[PDB]
Amino acid sequence: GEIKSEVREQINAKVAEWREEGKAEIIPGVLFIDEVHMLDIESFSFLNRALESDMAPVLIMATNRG
Amino acid sequence: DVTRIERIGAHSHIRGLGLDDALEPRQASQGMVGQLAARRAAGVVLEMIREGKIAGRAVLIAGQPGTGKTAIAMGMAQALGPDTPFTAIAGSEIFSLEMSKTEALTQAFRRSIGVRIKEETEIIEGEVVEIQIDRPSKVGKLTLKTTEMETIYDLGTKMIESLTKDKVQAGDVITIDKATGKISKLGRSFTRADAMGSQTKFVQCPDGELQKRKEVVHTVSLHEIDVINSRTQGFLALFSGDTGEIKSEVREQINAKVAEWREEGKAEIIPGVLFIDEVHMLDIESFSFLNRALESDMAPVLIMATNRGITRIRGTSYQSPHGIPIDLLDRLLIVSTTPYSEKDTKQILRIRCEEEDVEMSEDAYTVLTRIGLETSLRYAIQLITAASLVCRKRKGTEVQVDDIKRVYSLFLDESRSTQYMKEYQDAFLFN
Amino acid sequence: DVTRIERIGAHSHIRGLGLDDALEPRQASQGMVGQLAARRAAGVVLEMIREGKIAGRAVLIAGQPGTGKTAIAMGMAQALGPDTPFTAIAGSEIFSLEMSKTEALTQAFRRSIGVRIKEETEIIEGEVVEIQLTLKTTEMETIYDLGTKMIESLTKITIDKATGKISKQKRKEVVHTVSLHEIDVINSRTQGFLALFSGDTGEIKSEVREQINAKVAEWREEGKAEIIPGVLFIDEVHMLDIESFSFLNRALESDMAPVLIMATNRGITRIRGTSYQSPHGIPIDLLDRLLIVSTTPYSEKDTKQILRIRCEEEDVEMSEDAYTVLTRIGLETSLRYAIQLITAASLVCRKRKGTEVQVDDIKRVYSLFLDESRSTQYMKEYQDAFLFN
Amino acid sequence: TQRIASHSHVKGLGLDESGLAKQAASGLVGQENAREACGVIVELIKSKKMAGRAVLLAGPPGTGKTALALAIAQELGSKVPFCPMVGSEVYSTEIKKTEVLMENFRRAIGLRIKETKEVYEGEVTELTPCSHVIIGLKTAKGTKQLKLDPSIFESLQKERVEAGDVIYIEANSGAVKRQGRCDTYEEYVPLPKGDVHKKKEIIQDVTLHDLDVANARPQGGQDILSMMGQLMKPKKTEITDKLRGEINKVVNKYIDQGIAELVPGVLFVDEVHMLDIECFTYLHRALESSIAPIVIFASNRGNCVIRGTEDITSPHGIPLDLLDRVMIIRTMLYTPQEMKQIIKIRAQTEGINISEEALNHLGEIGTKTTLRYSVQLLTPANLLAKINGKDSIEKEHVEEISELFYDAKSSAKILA
Amino acid sequence: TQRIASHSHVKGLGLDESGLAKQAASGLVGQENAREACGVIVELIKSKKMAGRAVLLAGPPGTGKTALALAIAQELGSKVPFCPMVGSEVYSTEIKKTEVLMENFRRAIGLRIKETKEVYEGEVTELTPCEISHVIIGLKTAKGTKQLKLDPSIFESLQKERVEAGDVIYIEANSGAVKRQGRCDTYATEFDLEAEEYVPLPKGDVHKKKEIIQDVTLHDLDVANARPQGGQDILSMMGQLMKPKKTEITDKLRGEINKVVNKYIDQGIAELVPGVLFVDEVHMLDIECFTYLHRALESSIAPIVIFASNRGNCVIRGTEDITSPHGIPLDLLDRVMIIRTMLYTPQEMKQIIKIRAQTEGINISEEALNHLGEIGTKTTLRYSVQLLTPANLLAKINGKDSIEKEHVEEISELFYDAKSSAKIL
Amino acid sequence: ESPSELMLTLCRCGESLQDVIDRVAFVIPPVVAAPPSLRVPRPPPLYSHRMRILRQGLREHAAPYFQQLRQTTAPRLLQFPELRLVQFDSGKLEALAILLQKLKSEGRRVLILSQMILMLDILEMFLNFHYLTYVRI
Amino acid sequence: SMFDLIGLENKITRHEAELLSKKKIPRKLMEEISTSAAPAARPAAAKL
Ligand SMILES: Nc1ncnc2c1ncn2[C@@H]1O[C@H](COP(=O)(O)OP(=O)(O)OP(O)(O)=S)[C@@H](O)[C@H]1O
Ligand SMILES: Nc1ncnc2c1ncn2[C@@H]1O[C@H](COP(=O)(O)OP(=O)(O)OP(O)(O)=S)[C@@H](O)[C@H]1O
Ligand SMILES: Nc1ncnc2c1ncn2[C@@H]1O[C@H](COP(=O)(O)OP(=O)(O)OP(O)(O)=S)[C@@H](O)[C@H]1O
Ligand SMILES: Nc1ncnc2c1ncn2[C@@H]1O[C@H](COP(=O)(O)OP(=O)(O)OP(O)(O)=S)[C@@H](O)[C@H]1O
């Protein structure tokens, strides 16, 4: 339930540190939100800024709405 | 003279359903007068409940306010008697922060099915005369005593540990479960009670056989079994109510195990009645669940009461006859209550005055009956006690029409209060 | 300079109500200018709080935005001092996932009443390094018997003469003021005092609250405690529900009720949780229990004096022409906007290697930063580009 | 020294011995008919024969509904449990509104337990065990040596008693407490009745809700695993109806045995209009119950929309079917003379001396704005009078305090 | 290598000494007025004496508001706490949104605390307890051997780590933390095969005291003291088994921590570095959150707050009918300084596209750059910069090392923008 | 009874899930505090006795599981520089690793000559990284 | 304590409770017990 933001910042910093020190290699994956029209405005607003991070995957969304 | 927790309530005078063995409602019997057709229908449904053959039959009691629906329900509960589960809830009680409305309805259903489980235990009880040196792998002797027998038992390691852990002492009455080797100390010897006194309790020596077969019948409900099996210490939820959405798999396992016991003759299923007063307060989701919860083989008889006209179902914009979806109305039989004539209102008031233990003049009865016909039955019932108090303050033995007029002027009914409000409505907040 | 946790906030200049002994408000004093009638009303309310005899009195500070209602509240808090409880919340803070709105308001009410308890301890100890116990001091030398093992830790200071409590030259007396909320959170659990910090208190039961009220009344009668009635300040009270307001109605009728100060800046609006319109977003039944103090919009000279006080609070020197330009701006846009222009213009002058804020600095800051009206106009001009109009 | 509340002047209903209302008595002026109704329902509560009877005090704001309920409470005394409540209190994040209502019903029924409590005290433990425990107790007045159980011995060890540490030990429970370690050999017992064998008749008042919550979870640190129950947050739960029935049965047993007395009390629901339709619908069945208390509702609403319905308007914000089962007491507006009487009563209660012309001007202000506003000006006006060296409130002070503070109507006009 | 994000090109505000914005510098082009205002705000944050000052970045989407906020962050540097936040993050399932806002306020205030660290490290020569008030432990390094009397807590942590003898351990006295980092090197030769790892014995002193600077925020102190993790008493240990939920930290804990921090500042062992809280999509906050921000910005402890909103006359969330300029209540707009971002000319868009191409390592021909600028004028700036990577991929598929116009045309045909998609809808 | 399994992995298709946790478990709280204490002058005897009874009883109940109770609930207050950073910080050690592994397989022995004592300490660390036994002169 | 129903779950069963109710030392026998002398007539072991 609601992993702390500072914990995630620490994870990110240590993963970058691992990458610089030859331990870790980052594999960016794909997040597929099927029926993305079921998200509300708040979720879309978060998605806007969640995509600005360097640890953000490629996002595929599908929707039949018009 | 002495006040108990139960005292004069609204329905305390309904001792049962006043109908013959032919299910013909007597005009006035068991504290219930009038509503002949609805009482006959209630008798038929009561016989259905007593036979316990048909599962998930739903009955709706409909009618105007003050027409006796809860009176008929309480009469059914009083004729049914204890040891047949009659669960009474309001439709509001299912909206809980603990669990979903579906879960609450499921618990209410599981609470209306009663299980009588019998077991044989084969225990040993006796006053302990001696426990001797176990120092050797430890081995010891235990001497047990009834008023007719005493025997000496050779103790294994586990029994020795149990006896030393309970600090079993010479001169106390224990019971030993042979299957489990479980020691229960229930009292101290009859050779003292002789200067003691503490958490201890004093018991006289058992008489008869040291070893006794015993049949104990345990009465539980399906809900109780569910919450006992829900978690390791789940029986505490029978007290706190902290049940939290018992798993469906647990309920299926319990249903299967109960069916096994019933085939084995171990368990006896007593199906009961779930009474939901004010069923119009349920959501369309709850009615949808009731549609299917009734179609289970372990479903009780569902009785619901509603005074609604043609209202919108809660959670929807749809107008349905009793605030209940039409698919659920097809699944039930509707008992309708006719309003009360002057004779019926007078009889009801007489029975209520008998319950209150208040004596009223005949002119007072006429005036109060007219007041009830004008205003409402419940208002007249309340005026009964109010006028009794006003009479007592007057140092009179019989309530007169003057006292009824006094309490009528002191206490308003809905219509007169609404009128006084209406002429002053600019002084009241929000219209 | 060293940056402390307390920095230059909006109301840092306010040291209290600038009030005479007759409660008459000085034109400018203790960081507050103008609002003579409102300041006088706050002074009489403050005398009511200090007297502390009448329980559950409610005062509402009403006026246009930026008229100093929160400033009057902070001045009242500064005048009241740290020894009487002053609980400040926003109307939004009662909407909690831990507790109901009723519980949040109850806790806020019980955080404003303080019980003062003075205890006599026993402390004589001093300069000792020896081991068994004998003690020596510049004026004292003593021996003490002992029949317990606590001395082992004491070896490696001062002790209680009564119970022998050990901790690293006379009886001395200690005063502790404890709020009712602290008392019932400490006594709600085995380690309930932790919930005073974590907030994991979760709807203290009415039973314990009743018992603690009874015990506090007993202590008051027996002289062991005295009640220090405080004041609860609810800023932006229009965020409360109709349920919250109805609770406040009868919460104020306890003898353990603090003095309630509420601030609101809206006219006849909808009460939250209802479709009804009421003068302050507050139901009329609660307004019935309130004394309402209204704040007048500031004049030109009052605005200039406020700007002067804020400038000397922020330690920025401006020219007189800059003061007149900024006063015109404040009268044209808002007081808060000018207050912020002060800091921005000080920064612009600093980049310039200047020492005094000139009119050109204020013009530059006015160009860089917009008020609501100018931004709204530029928005209207680009209406289509913006989202969801 | 205690503080003056809004209802601190309400000492009772102020009725004569025939039940009629004195014009002004025990802090109440006017509302004679409502007061007489409150008196008859006080007699109803003291009769303790009727359960789940409901009374609604309906009238404009400020007409003394809450004052009348508090007067009823005063007329009953602290013997009878008076549970005050607001309709907003049913909305809890922990339990459902129905559980909150049921609990408040539980705590409006009181139980009075009579016990003859025996205890053994003294300088104590002049002996510890001379199969048995022998302890000598000396308390100035004398000394007794008594024989205890071995179980009392284990409890005594648990309490780490030593020879010379005053203790409690009760014959009715076997519970033991070492009250002190008076360093004479840190507290020693007094000597009014400083006997070793102490027994006196005790009465403790407990509500049925207290019994329910006591039986809701284990008793805490005594048991192996209930010790970890003390580390939990004290969440309130939906006490099952079966537990209530069982507690009722045991309470009835002990009422029959004559050691307990049933004192049913009053549940006062102020701002009943804040309950939603679910709460009222439950209240139907809660009032049908024979184990329910006497319930007093108060509403100032004119034709409000019932909460939780969004469309349905009923007279007092209360559903019609609930109004059908309650008795209505009508509170009316106050004449200016009654307002003057009330202002004088409040001034006297607050220790405020008021001149005659000041009282008349304040009564005029109240007739213009409202009774509450005029009652509120008293303390600030007294403070102003004290500032200006006076001990009586004069017309100038009330004028100045009226100019400093506004009523709802004046503020609304400024806002419009 | 490092992954390229949508803002990786912004390295600052590109302002000269006098604060005037260079047309293109530090990865930013245009928005000179907004960049200059942001430079003023950077100076405000560096001044460090003003608390609770809020700025609002207002302009249509695509105008660079988040870019300017991150440019401010770059200007400040990693030393100053920059807490980014979105309005949608307040709606937590565990704590009230007011608590989330206050926590974000508290983690935008940073502390640099100099702490003396007491270290015991060495080979365990002996471990002798005394009834259990003591443990006598001998520690051996290259410098020498010492035996120390340590608390029962350290002994019982040593039992947790299971250190017996010949084990190299690291004890931090402050936290009571024991680390068994292996067995001594001298015991490697004992056996051909042993189931542990050998570490050389420490070469320093047994008892080392070290001064270190710790970077923490006020929120770190609040959370540590509201969910205590130090201390070895059983009561706190059993509380550690609870699910670590976020709790509504009370104002009393924050006041106590304020007192502690003030004491540290007086003692010279701490320095306050108040930072900035960046709430993007502030329009997502409901009326309750804005009305709380009213109070949260009056606090003398508050950080600098930056808001960004692209909405024109949106209804305030939670109000259901109240239209305010930027989705933000007017009473809050009275507390902020508004920095407006303007739309871009075709030339500025072309410059931005070239900068993004440079950052993504993509060679684009002049024809392709002009065509992509034309597309961006027709569609949007965001659409054009997104075409660059797919166009480069197609160019590599064709075997060319630069993006020609045909690749841009192909990618334009394969993908659509919101306007074309809306047309076909 | 009920079923159960350990064959369940997390993301790797591999080892015993405590090695996984150890591999990825590195965060330390920025601040660690002992629980706040209630500073009461002369606490009441009943309260102190109750607290003592509770603490004593909770212990001797967790005593059978005290070691487990502590492995859990023990925060990570320290994270050390991992041993692999040696030999990654230096290219000399990176080449020496290959050289020494080859020399080990070939059976030869080695003596490493370095002027710096401190680099000898670093070499001790590096040799332990490769499980190579040595003597220091 | 007589209203402590939850505690009794750890202690006894209903058959045990019915047993106890039937077997509780009657009042008369209590005074008989407290009057009479100790009947210490144990025949001692025989091993026949
Ligand atoms: N024979 C009777 N039939 C109906 N009500 C009776 C009868 N005798 C007494 N009453 C009383 O009449 C009142 C009417 O209430 P009920 O109708 O039984 O309950 P209810 O839940 O309100 O159902 P309603 O009013 O029809 S919606 C109660 O106080 C009953 O105790
Ligand atoms: N106490 C007051 N005295 C005089 N005018 C007031 C007062 N309170 C509010 N107003 C007026 O109300 C206007 C708007 O107030 P706000 O608090 O910003 O929003 P509002 O009053 O709720 O209005 P809306 O549009 O109905 S939400 C102010 O600009 C004032 O003109
Ligand atoms: N008849 C009365 N005699 C004396 N004081 C009264 C009387 N009625 C009301 N008061 C007092 O006048 C003030 C306002 O009356 P309240 O009792 O608080 O309001 P209420 O009528 O009880 O409840 P509301 O306002 O109608 S919802 C309080 O201080 C009361 O104690
Ligand atoms: N003046 C600028 N110079 C350089 N890059 C810019 C400029 N303005 C915007 N960008 C960038 O162009 C892309 C889109 O701008 P963003 O700032 O991410 O979105 P946005 O339009 O600022 O968000 P909002 O809040 O709706 S304005 C990002 O890669 C930014 O870095």
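In what follows, chains carry the letters A, B, and so on, assigned in the order in which the sequence lines appear, proteins first and then strands, with residues in each chain numbered from 1. Basis for what follows: all heavy atoms, side chains included, without hydrogens, waters or symmetry-related copies.
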Stepwise, does the side chain to side chain donor-acceptor pair (under 3.5 Å) test hold for F:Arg70 with F:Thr72? CA-CA 5 Å; F:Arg70 220 176 226 160; F:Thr72 314; over 6 Å; no
In terms of heavy-atom contacts, does [atom1] of [X] have more than 12 from other residues, nucleotides or ligands at under 6.0 Å?
X	atom1	result
E:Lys252	NZ	no
F:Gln68	CD	no
C:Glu218	CD	yes
D:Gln157	CD	yes
E:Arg180	CZ	yes
D:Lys141	NZ	no
C:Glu222	CD	yes
C:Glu119	CD	yes

Is the shortest side-chain N to carboxylate O distance from [X] to [Y] below 4.0 Å?
X	Y	answer
E:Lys208	E:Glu121	no
E:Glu256	E:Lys259	yes
B:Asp166	B:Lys185	no

Quick check against the 3.5 Å criterion: does E:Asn174 have a side-chain atom that pairs as donor or acceptor with the backbone of E:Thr116? yes
Within the side chain of D:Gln222, is there an N or O that forms a donor-acceptor pair under 3.5 Å with the backbone of D:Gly220? yes
Given E:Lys209, which partner from the list E:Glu172, E:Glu118, E:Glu115 fulfils the salt bridge (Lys or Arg N to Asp or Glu O under 4.0 Å) test? E:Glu118
Against E:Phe155, only a single residue in E:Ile137, E:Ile132, E:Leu150 fulfils side-chain contact (heavy atoms from CB on, under 4.5 Å); can you say which? E:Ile132
Exactly one candidate in D:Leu146, D:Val133, D:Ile134 meets side-chain contact (heavy atoms from CB on, under 4.5 Å) with D:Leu127; the answer is D:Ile134
Shortest non-hydrogen separation from [X] to [Y] and the atoms involved:
X	Y	result
D:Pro150	B:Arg188	CD-NH1, 4.1 Å
C:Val128	C:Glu130	CG1-OE1, 3.2 Å
D:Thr125	D:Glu162	OG1-O, 2.8 Å
D:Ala140	D:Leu191	CB-CD2, 3.3 Å

Yes or no on side chain to side chain contact (heavy atoms under 4.5 Å, CB included) for C:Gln191 and C:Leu194, after CA distance, side-chain angles and deciding distance? CA-CA 6 Å; C:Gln191 280 215 307; C:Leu194 293 167; 3.4 Å; yes
Check whether any side-chain heavy atom of [X] sits under 4.5 Å from a side-chain heavy atom of [Y], and report yes or no.
X	Y	result
F:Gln71	E:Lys160	yes
D:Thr143	D:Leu137	no
F:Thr73	E:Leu241	yes
F:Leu58	E:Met238	yes
C:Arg171	C:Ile123	no
B:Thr200	B:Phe202	yes
C:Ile183	C:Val115	yes
E:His207	E:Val119	no

Working for side chain to side chain contact (heavy atoms under 4.5 Å, CB included), residues B:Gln199 and D:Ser151: CA-CA 8 Å; B:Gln199 185 269 35; D:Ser151 325; 6.0 Å; no
In sequence, state the C-alpha distance, the side-chain angles, and the governing distance for D:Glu154 and B:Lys167, and then conclude on side chain to side chain contact (heavy atoms under 4.5 Å, CB included). CA-CA 12 Å; D:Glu154 85 91 355; B:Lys167 288 158 306 333; over 6 Å; no
For E:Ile169 and E:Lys179, what are the C-alpha separation, side-chain angles and deciding distance, and is it a side chain to side chain contact (heavy atoms under 4.5 Å, CB included)? CA-CA 5 Å; E:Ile169 64 168; E:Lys179 171 74 182 175; over 6 Å; no
Distance-only side-chain donor-acceptor flag, C:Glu182 / C:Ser179, under 3.5 Å: yes
Decide yes or no on side chain to side chain donor-acceptor pair (under 3.5 Å) for E:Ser236 and E:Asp233, but give the supporting numbers first. CA-CA 6 Å; E:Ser236 68; E:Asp233 85 324; 2.4 Å; yes
